[PDB]
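Peer 1: Sharing a structure below in structure tokens format, with a few things to ask.
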Amino acid sequence: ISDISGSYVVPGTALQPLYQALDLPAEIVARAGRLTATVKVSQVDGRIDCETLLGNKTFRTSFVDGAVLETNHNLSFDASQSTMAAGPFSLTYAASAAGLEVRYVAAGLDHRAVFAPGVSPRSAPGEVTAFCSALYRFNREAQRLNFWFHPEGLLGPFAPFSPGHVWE
Ligand SMILES: O=N[O-]
Ligand SMILES: [Zn+2]
């Protein structure tokens, strides 16, 4: 309960209101909706390490208070209150037998998702590759003007937050 450590199934169908609130194009919202990932969560002290298995891709992230978040700011993380926040977005989580339950809050957004424990079915690697490439285009085209979204940032319990660099 107090330790959320485990393996969870995170399907894109469970986060569609969040993707819409991120001002993502219809193609990205729909592509993420067809994808599903396994996220292995390890909570140590005031840190959360995440390994996301998505098609033929592995992504690793670590959630710590003050972690830099790429844009085009910093992550606020309080493990004692099970809260994460950055920019307009905030989230709260709790683990149970039904899995990892997360509430995502922002102006115009109040969405809850529950991610069941276990291992996810494997999304097709062609769909994952097309999704990652389309997210990359959106990020670059949106510089000619939000977070720099990572694929594991959208297909994850703590979306839209993805610390770390664009590389592993
Ligand atoms: O809806 N996938 O382009
Ligand atoms: Zn990443």
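Note on naming: chains are A, B, ... as they come in the structure tokens, residues start from 1 per chain, ligands start from 1 in the order shown.
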Sorted by chain and rising residue number, list the residues of chain A at most 6 Å from ligand 1 (counting only C-alpha atoms and all ligand atoms), each with its closest atom pair and distance in Å to one decimal, as CSV.

Peer 2:
```
residue,atom,partner,partner_atom_place_in_ligand_line,distance
A:27,CA,ligand 1,3 (O),4.7
A:30,CA,ligand 1,1 (O),4.8
A:31,CA,ligand 1,2 (N),4.7
```

Peer 1: Could you pull the residues within 12 Å of residue 14 of chain A, counting only C-alpha atoms, minus those fewer than 5 positions along the same chain, as JSON, numbers by chain?

Peer 2: {"A": [9, 19, 29, 30, 32, 33, 34, 35, 36, 37, 101, 102, 103, 104, 111, 112, 113, 114, 115, 116, 154, 155, 156, 157, 159]}

Peer 1: Restricting the output to N, CA and C atoms, write the selected residues as a JSON list (two decimals), in the first residue's frame.

Peer 2:
```json
[["chain", "number", "residue", "atom", "x", "y", "z"],
["A", 9, "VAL", "N", 0.02, -2.41, -15.87],
["A", 9, "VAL", "CA", -0.41, -2.31, -17.27],
["A", 9, "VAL", "C", -0.98, -0.92, -17.48],
["A", 19, "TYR", "N", -4.56, 13.45, -22.51],
["A", 19, "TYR", "CA", -3.94, 13.80, -23.79],
["A", 19, "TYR", "C", -4.64, 14.99, -24.43],
["A", 29, "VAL", "N", -3.19, 11.77, -30.00],
["A", 29, "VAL", "CA", -4.16, 11.23, -29.05],
["A", 29, "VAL", "C", -4.62, 9.84, -29.46],
["A", 30, "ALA", "N", -4.92, 9.65, -30.76],
["A", 30, "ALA", "CA", -5.41, 8.36, -31.23],
["A", 30, "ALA", "C", -4.32, 7.30, -31.22],
["A", 32, "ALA", "N", -1.60, 7.11, -29.26],
["A", 32, "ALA", "CA", -1.40, 6.71, -27.88],
["A", 32, "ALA", "C", -2.55, 5.85, -27.37],
["A", 33, "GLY", "N", -3.78, 6.13, -27.82],
["A", 33, "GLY", "CA", -4.92, 5.34, -27.40],
["A", 33, "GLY", "C", -4.85, 3.89, -27.82],
["A", 34, "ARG", "N", -4.14, 3.59, -28.90],
["A", 34, "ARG", "CA", -4.01, 2.22, -29.38],
["A", 34, "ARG", "C", -2.82, 1.49, -28.79],
["A", 35, "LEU", "N", -2.01, 2.15, -27.97],
["A", 35, "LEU", "CA", -0.80, 1.56, -27.43],
["A", 35, "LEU", "C", -0.99, 1.19, -25.97],
["A", 36, "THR", "N", -0.16, 0.24, -25.52],
["A", 36, "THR", "CA", -0.18, -0.18, -24.13],
["A", 36, "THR", "C", 1.24, -0.55, -23.71],
["A", 37, "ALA", "N", 1.55, -0.28, -22.44],
["A", 37, "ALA", "CA", 2.90, -0.48, -21.96],
["A", 37, "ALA", "C", 2.88, -1.19, -20.61],
["A", 101, "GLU", "N", -3.78, 3.70, -8.73],
["A", 101, "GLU", "CA", -4.81, 4.67, -9.04],
["A", 101, "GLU", "C", -4.22, 6.07, -9.01],
["A", 102, "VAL", "N", -4.44, 6.84, -10.08],
["A", 102, "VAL", "CA", -3.88, 8.18, -10.21],
["A", 102, "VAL", "C", -5.00, 9.14, -10.58],
["A", 103, "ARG", "N", -5.00, 10.32, -9.95],
["A", 103, "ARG", "CA", -5.91, 11.40, -10.29],
["A", 103, "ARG", "C", -5.09, 12.54, -10.90],
["A", 104, "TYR", "N", -5.46, 12.97, -12.10],
["A", 104, "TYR", "CA", -4.76, 14.03, -12.82],
["A", 104, "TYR", "C", -5.62, 15.29, -12.79],
["A", 111, "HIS", "N", -9.34, 13.88, -13.98],
["A", 111, "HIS", "CA", -9.42, 12.56, -14.59],
["A", 111, "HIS", "C", -8.75, 11.53, -13.68],
["A", 112, "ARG", "N", -9.39, 10.38, -13.50],
["A", 112, "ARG", "CA", -8.84, 9.29, -12.71],
["A", 112, "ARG", "C", -8.61, 8.06, -13.58],
["A", 113, "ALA", "N", -7.54, 7.35, -13.28],
["A", 113, "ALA", "CA", -7.20, 6.12, -13.97],
["A", 113, "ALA", "C", -6.70, 5.12, -12.94],
["A", 114, "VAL", "N", -6.94, 3.84, -13.19],
["A", 114, "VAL", "CA", -6.43, 2.77, -12.35],
["A", 114, "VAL", "C", -5.70, 1.78, -13.25],
["A", 115, "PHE", "N", -4.42, 1.57, -12.97],
["A", 115, "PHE", "CA", -3.58, 0.70, -13.78],
["A", 115, "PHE", "C", -3.42, -0.64, -13.09],
["A", 116, "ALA", "N", -3.94, -1.69, -13.71],
["A", 116, "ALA", "CA", -3.93, -3.00, -13.10],
["A", 116, "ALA", "C", -2.51, -3.55, -13.03],
["A", 154, "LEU", "N", 3.90, 9.98, -21.94],
["A", 154, "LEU", "CA", 2.47, 9.87, -22.21],
["A", 154, "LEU", "C", 1.91, 8.49, -21.90],
["A", 155, "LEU", "N", 2.71, 7.45, -22.06],
["A", 155, "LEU", "CA", 2.30, 6.08, -21.78],
["A", 155, "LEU", "C", 2.87, 5.63, -20.44],
["A", 156, "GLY", "N", 2.41, 6.31, -19.39],
["A", 156, "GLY", "CA", 2.92, 6.08, -18.06],
["A", 156, "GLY", "C", 1.97, 6.59, -16.99],
["A", 157, "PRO", "N", 2.07, 6.02, -15.79],
["A", 157, "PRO", "CA", 1.18, 6.45, -14.69],
["A", 157, "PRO", "C", 1.29, 7.92, -14.35],
["A", 159, "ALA", "N", 1.99, 10.56, -16.19],
["A", 159, "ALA", "CA", 1.89, 11.45, -17.33],
["A", 159, "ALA", "C", 1.36, 12.82, -16.90]]
```

Peer 1: Between A:122, A:40, A:57, A:140, which has the minimum distance to ligand 2 (counting only C-alpha atoms and all ligand atoms)?

Peer 2: A:57

Peer 1: With only C-alpha atoms and all ligand atoms counted, collect every polymer residue having an atom within 8 Å of ligand 2; state the result as a PyMOL selection string.

Peer 2: chain A and resi 59-61+150-153+162-168

Peer 1: So that I have them on file, write out the residues from the current selection with N, CA and C atoms, as a PDB file, in the first residue's frame.

Peer 2:
```
ATOM      1  N   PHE A  59      12.281   2.417 -21.986  1.00  0.00           N
ATOM      2  CA  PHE A  59      12.544   3.762 -21.498  1.00  0.00           C
ATOM      3  C   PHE A  59      12.720   3.710 -19.990  1.00  0.00           C
ATOM      4  N   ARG A  60      13.673   4.487 -19.485  1.00  0.00           N
ATOM      5  CA  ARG A  60      13.943   4.562 -18.057  1.00  0.00           C
ATOM      6  C   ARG A  60      13.873   6.015 -17.613  1.00  0.00           C
ATOM      7  N   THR A  61      13.172   6.254 -16.507  1.00  0.00           N
ATOM      8  CA  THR A  61      13.013   7.580 -15.936  1.00  0.00           C
ATOM      9  C   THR A  61      13.112   7.464 -14.424  1.00  0.00           C
ATOM     10  N   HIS A 150       7.881  13.009 -23.997  1.00  0.00           N
ATOM     11  CA  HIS A 150       8.493  11.717 -24.251  1.00  0.00           C
ATOM     12  C   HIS A 150       7.412  10.651 -24.392  1.00  0.00           C
ATOM     13  N   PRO A 151       7.653   9.632 -25.221  1.00  0.00           N
ATOM     14  CA  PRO A 151       6.662   8.551 -25.351  1.00  0.00           C
ATOM     15  C   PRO A 151       6.328   7.885 -24.028  1.00  0.00           C
ATOM     16  N   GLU A 152       7.329   7.618 -23.186  1.00  0.00           N
ATOM     17  CA  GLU A 152       7.044   7.105 -21.853  1.00  0.00           C
ATOM     18  C   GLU A 152       6.450   8.169 -20.945  1.00  0.00           C
ATOM     19  N   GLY A 153       6.547   9.442 -21.329  1.00  0.00           N
ATOM     20  CA  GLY A 153       5.867  10.485 -20.589  1.00  0.00           C
ATOM     21  C   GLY A 153       4.365  10.460 -20.781  1.00  0.00           C
ATOM     22  N   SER A 162       7.914  13.587 -17.724  1.00  0.00           N
ATOM     23  CA  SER A 162       9.023  12.731 -18.141  1.00  0.00           C
ATOM     24  C   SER A 162      10.333  13.460 -17.899  1.00  0.00           C
ATOM     25  N   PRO A 163      10.959  13.245 -16.749  1.00  0.00           N
ATOM     26  CA  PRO A 163      12.278  13.842 -16.509  1.00  0.00           C
ATOM     27  C   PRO A 163      13.354  13.185 -17.360  1.00  0.00           C
ATOM     28  N   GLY A 164      14.602  13.601 -17.174  1.00  0.00           N
ATOM     29  CA  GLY A 164      15.702  13.074 -17.950  1.00  0.00           C
ATOM     30  C   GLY A 164      15.842  13.771 -19.288  1.00  0.00           C
ATOM     31  N   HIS A 165      16.900  13.400 -20.000  1.00  0.00           N
ATOM     32  CA  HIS A 165      17.131  13.921 -21.337  1.00  0.00           C
ATOM     33  C   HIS A 165      16.339  13.102 -22.351  1.00  0.00           C
ATOM     34  N   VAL A 166      16.397  13.518 -23.619  1.00  0.00           N
ATOM     35  CA  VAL A 166      15.742  12.758 -24.677  1.00  0.00           C
ATOM     36  C   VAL A 166      16.412  11.413 -24.910  1.00  0.00           C
ATOM     37  N   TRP A 167      17.612  11.217 -24.369  1.00  0.00           N
ATOM     38  CA  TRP A 167      18.347   9.968 -24.478  1.00  0.00           C
ATOM     39  C   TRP A 167      18.311   9.194 -23.165  1.00  0.00           C
ATOM     40  N   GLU A 168      18.680   7.921 -23.252  1.00  0.00           N
ATOM     41  CA  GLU A 168      18.730   7.050 -22.084  1.00  0.00           C
ATOM     42  C   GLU A 168      20.057   7.199 -21.345  1.00  0.00           C
TER      43      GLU A 168
END
```

Peer 1: Within 9 Å of residue 107 of chain A, counting only C-alpha atoms, which residues qualify if same-chain residues fewer than 3 places away don't, as JSON, numbers by chain?

Peer 2: {"A": [21, 88, 89, 110]}

Peer 1: Segment 37-78 of chain A: which residues are strand (DSSP E) by DSSP, as a PyMOL selection string?

Peer 2: chain A and resi 37-44+47-54+57-64+76-78

Peer 1: Contacts of segment 68-84 of chain A at 6 Å or less, counting only C-alpha atoms, minus same-chain residues fewer than 6 places along, as a PyMOL selection string?

Peer 2: chain A and resi 46+90-93+143+146-148+163

Peer 1: Write out the residues from the selection above, keeping N, CA and C atoms, as a short mmCIF file (atom, residue, chain, number, x, y, z; two decimals), in the first residue's frame.

Peer 2:
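Full text of again-v5.cif as output:
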```
data_model
loop_
_atom_site.label_atom_id
_atom_site.label_comp_id
_atom_site.auth_asym_id
_atom_site.auth_seq_id
_atom_site.Cartn_x
_atom_site.Cartn_y
_atom_site.Cartn_z
N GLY A 46 12.77 8.90 -1.33
CA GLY A 46 12.02 9.98 -1.94
C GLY A 46 12.13 9.94 -3.45
N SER A 90 -1.04 18.55 -12.06
CA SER A 90 -0.74 17.92 -10.79
C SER A 90 -1.38 16.54 -10.76
N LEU A 91 -0.82 15.66 -9.94
CA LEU A 91 -1.38 14.32 -9.86
C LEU A 91 -1.20 13.77 -8.45
N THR A 92 -2.07 12.83 -8.11
CA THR A 92 -1.99 12.10 -6.86
C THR A 92 -2.18 10.62 -7.14
N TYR A 93 -1.45 9.78 -6.40
CA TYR A 93 -1.48 8.35 -6.63
C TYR A 93 -1.64 7.61 -5.32
N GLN A 143 7.98 24.15 -31.57
CA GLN A 143 8.98 25.13 -31.16
C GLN A 143 8.84 26.43 -31.94
N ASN A 146 4.68 24.44 -23.64
CA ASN A 146 4.34 23.06 -23.33
C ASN A 146 5.58 22.22 -23.06
N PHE A 147 5.38 21.05 -22.47
CA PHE A 147 6.48 20.13 -22.24
C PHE A 147 7.01 19.59 -23.56
N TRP A 148 8.28 19.19 -23.55
CA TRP A 148 8.83 18.34 -24.61
C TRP A 148 8.44 16.91 -24.27
N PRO A 163 10.96 13.25 -16.75
CA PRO A 163 12.28 13.84 -16.51
C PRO A 163 13.35 13.18 -17.36
#
```

Peer 1: Please measure the separation of atom CA of residue 117 of chain A and atom CA of residue 66 of chain A, giving the value in Å to one decimal.

Peer 2: 28.3 Å

Peer 1: To one decimal in Å, tell me the separation between atom CA of residue 16 of chain A and atom CA of residue 4 of chain A.

Peer 2: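 These two atoms are separated by 23.1 Å.
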
Peer 1: With only C-alpha atoms as the atoms that count, which of A:38, A:120, A:133, A:20 lies nearest to residue 52 of chain A?

Peer 2: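 That would be A:38, the residue with the smallest distance to residue 52 of chain A.
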
Peer 1: Which of these residues is nearest to residue 142 of chain A, using only C-alpha atoms: A:67, A:15, A:1, A:24?

Peer 2: A:24

Peer 1: Can you tell me which residues surround residue 48 of chain A at a distance of at most 8 Å, considering only C-alpha atoms, apart from same-chain residues fewer than 4 positions away, and format the answer as a list in words?

Peer 2: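 My list of contacting residues is residues 41, 42, 43, 44, 62, 63 and 64 of chain A.
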
Peer 1: Print the selection's residues with N, CA, C and O atoms to a file, as a tab-separated table (two decimals), in the first residue's frame.

Peer 2:
```tsv
chain	number	residue	atom	x	y	z
A	41	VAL	N	7.67	-0.11	-11.64
A	41	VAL	CA	7.87	1.01	-10.73
A	41	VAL	C	8.67	0.52	-9.53
A	41	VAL	O	8.38	-0.54	-8.96
A	42	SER	N	9.68	1.30	-9.14
A	42	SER	CA	10.44	1.02	-7.93
A	42	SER	C	10.50	2.31	-7.12
A	42	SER	O	11.12	3.29	-7.55
A	43	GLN	N	9.87	2.31	-5.96
A	43	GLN	CA	9.90	3.46	-5.06
A	43	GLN	C	10.95	3.22	-3.99
A	43	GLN	O	10.82	2.29	-3.19
A	44	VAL	N	11.98	4.07	-3.96
A	44	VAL	CA	12.99	4.06	-2.91
A	44	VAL	C	13.03	5.45	-2.29
A	44	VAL	O	13.11	6.46	-3.00
A	62	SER	N	13.47	8.57	-13.78
A	62	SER	CA	13.53	8.61	-12.33
A	62	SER	C	12.86	9.89	-11.87
A	62	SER	O	13.20	10.98	-12.35
A	63	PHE	N	11.91	9.77	-10.95
A	63	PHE	CA	11.15	10.90	-10.47
A	63	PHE	C	11.70	11.33	-9.11
A	63	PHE	O	11.67	10.55	-8.15
A	64	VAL	N	12.26	12.54	-9.07
A	64	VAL	CA	12.81	13.12	-7.85
A	64	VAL	C	12.37	14.57	-7.78
A	64	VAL	O	12.25	15.24	-8.81
```

Peer 1: Where does DSSP see alpha helix (DSSP H) in segment 111-165 of chain A, if you list the residues as a PDB file with N, CA and C atoms, in the first residue's frame?

Peer 2:
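Contents of states-v5.pdb, as written:
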```pdb
ATOM      1  N   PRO A 125       5.607  -3.146 -32.823  1.00  0.00           N
ATOM      2  CA  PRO A 125       6.749  -2.221 -32.911  1.00  0.00           C
ATOM      3  C   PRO A 125       6.623  -1.189 -34.019  1.00  0.00           C
ATOM      4  N   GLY A 126       5.907  -1.501 -35.101  1.00  0.00           N
ATOM      5  CA  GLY A 126       5.665  -0.499 -36.126  1.00  0.00           C
ATOM      6  C   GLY A 126       4.804   0.648 -35.629  1.00  0.00           C
ATOM      7  N   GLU A 127       3.799   0.341 -34.805  1.00  0.00           N
ATOM      8  CA  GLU A 127       2.956   1.393 -34.245  1.00  0.00           C
ATOM      9  C   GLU A 127       3.726   2.240 -33.238  1.00  0.00           C
ATOM     10  N   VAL A 128       4.575   1.607 -32.425  1.00  0.00           N
ATOM     11  CA  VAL A 128       5.376   2.353 -31.458  1.00  0.00           C
ATOM     12  C   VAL A 128       6.323   3.305 -32.177  1.00  0.00           C
ATOM     13  N   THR A 129       7.006   2.806 -33.210  1.00  0.00           N
ATOM     14  CA  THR A 129       7.928   3.644 -33.968  1.00  0.00           C
ATOM     15  C   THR A 129       7.209   4.818 -34.623  1.00  0.00           C
ATOM     16  N   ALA A 130       6.036   4.571 -35.215  1.00  0.00           N
ATOM     17  CA  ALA A 130       5.286   5.664 -35.828  1.00  0.00           C
ATOM     18  C   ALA A 130       4.819   6.669 -34.779  1.00  0.00           C
ATOM     19  N   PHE A 131       4.477   6.190 -33.582  1.00  0.00           N
ATOM     20  CA  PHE A 131       4.070   7.085 -32.503  1.00  0.00           C
ATOM     21  C   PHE A 131       5.234   7.961 -32.038  1.00  0.00           C
ATOM     22  N   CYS A 132       6.393   7.352 -31.778  1.00  0.00           N
ATOM     23  CA  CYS A 132       7.546   8.123 -31.312  1.00  0.00           C
ATOM     24  C   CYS A 132       7.960   9.175 -32.334  1.00  0.00           C
ATOM     25  N   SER A 133       7.900   8.825 -33.621  1.00  0.00           N
ATOM     26  CA  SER A 133       8.287   9.769 -34.666  1.00  0.00           C
ATOM     27  C   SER A 133       7.297  10.920 -34.760  1.00  0.00           C
ATOM     28  N   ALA A 134       6.002  10.624 -34.623  1.00  0.00           N
ATOM     29  CA  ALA A 134       4.992  11.671 -34.722  1.00  0.00           C
ATOM     30  C   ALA A 134       5.036  12.596 -33.511  1.00  0.00           C
ATOM     31  N   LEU A 135       5.338  12.048 -32.334  1.00  0.00           N
ATOM     32  CA  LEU A 135       5.513  12.891 -31.157  1.00  0.00           C
ATOM     33  C   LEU A 135       6.720  13.801 -31.318  1.00  0.00           C
ATOM     34  N   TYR A 136       7.775  13.294 -31.955  1.00  0.00           N
ATOM     35  CA  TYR A 136       8.973  14.091 -32.184  1.00  0.00           C
ATOM     36  C   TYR A 136       8.690  15.260 -33.126  1.00  0.00           C
ATOM     37  N   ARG A 137       7.970  15.002 -34.221  1.00  0.00           N
ATOM     38  CA  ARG A 137       7.535  16.071 -35.118  1.00  0.00           C
ATOM     39  C   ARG A 137       6.731  17.128 -34.387  1.00  0.00           C
ATOM     40  N   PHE A 138       5.751  16.699 -33.593  1.00  0.00           N
ATOM     41  CA  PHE A 138       4.936  17.648 -32.859  1.00  0.00           C
ATOM     42  C   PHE A 138       5.804  18.526 -31.969  1.00  0.00           C
ATOM     43  N   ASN A 139       6.763  17.916 -31.267  1.00  0.00           N
ATOM     44  CA  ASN A 139       7.653  18.676 -30.395  1.00  0.00           C
ATOM     45  C   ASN A 139       8.445  19.721 -31.177  1.00  0.00           C
ATOM     46  N   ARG A 140       8.996  19.338 -32.332  1.00  0.00           N
ATOM     47  CA  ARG A 140       9.818  20.271 -33.100  1.00  0.00           C
ATOM     48  C   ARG A 140       8.966  21.337 -33.781  1.00  0.00           C
ATOM     49  N   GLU A 141       7.831  20.938 -34.360  1.00  0.00           N
ATOM     50  CA  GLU A 141       6.946  21.911 -34.990  1.00  0.00           C
ATOM     51  C   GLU A 141       6.364  22.883 -33.973  1.00  0.00           C
ATOM     52  N   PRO A 151       7.653   9.632 -25.221  1.00  0.00           N
ATOM     53  CA  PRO A 151       6.662   8.551 -25.351  1.00  0.00           C
ATOM     54  C   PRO A 151       6.328   7.885 -24.028  1.00  0.00           C
ATOM     55  N   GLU A 152       7.329   7.618 -23.186  1.00  0.00           N
ATOM     56  CA  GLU A 152       7.044   7.105 -21.853  1.00  0.00           C
ATOM     57  C   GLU A 152       6.450   8.169 -20.945  1.00  0.00           C
ATOM     58  N   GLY A 153       6.547   9.442 -21.329  1.00  0.00           N
ATOM     59  CA  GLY A 153       5.867  10.485 -20.589  1.00  0.00           C
ATOM     60  C   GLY A 153       4.365  10.460 -20.781  1.00  0.00           C
ATOM     61  N   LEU A 154       3.901   9.982 -21.936  1.00  0.00           N
ATOM     62  CA  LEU A 154       2.472   9.869 -22.206  1.00  0.00           C
ATOM     63  C   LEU A 154       1.909   8.486 -21.903  1.00  0.00           C
TER      64      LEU A 154
END
```

Peer 1: Using only C-alpha atoms, pick whichever of A:160, A:55, A:6, A:118 has the shortest atom-to-atom distance to residue 22 of chain A.

Peer 2: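 That would be A:160, the residue with the smallest distance to residue 22 of chain A.
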
Peer 1: Counting only C-alpha atoms, which of A:51, A:39, A:26, A:98 gets nearest to residue 11 of chain A?

Peer 2: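 Smallest distance to residue 11 of chain A is found for A:39.
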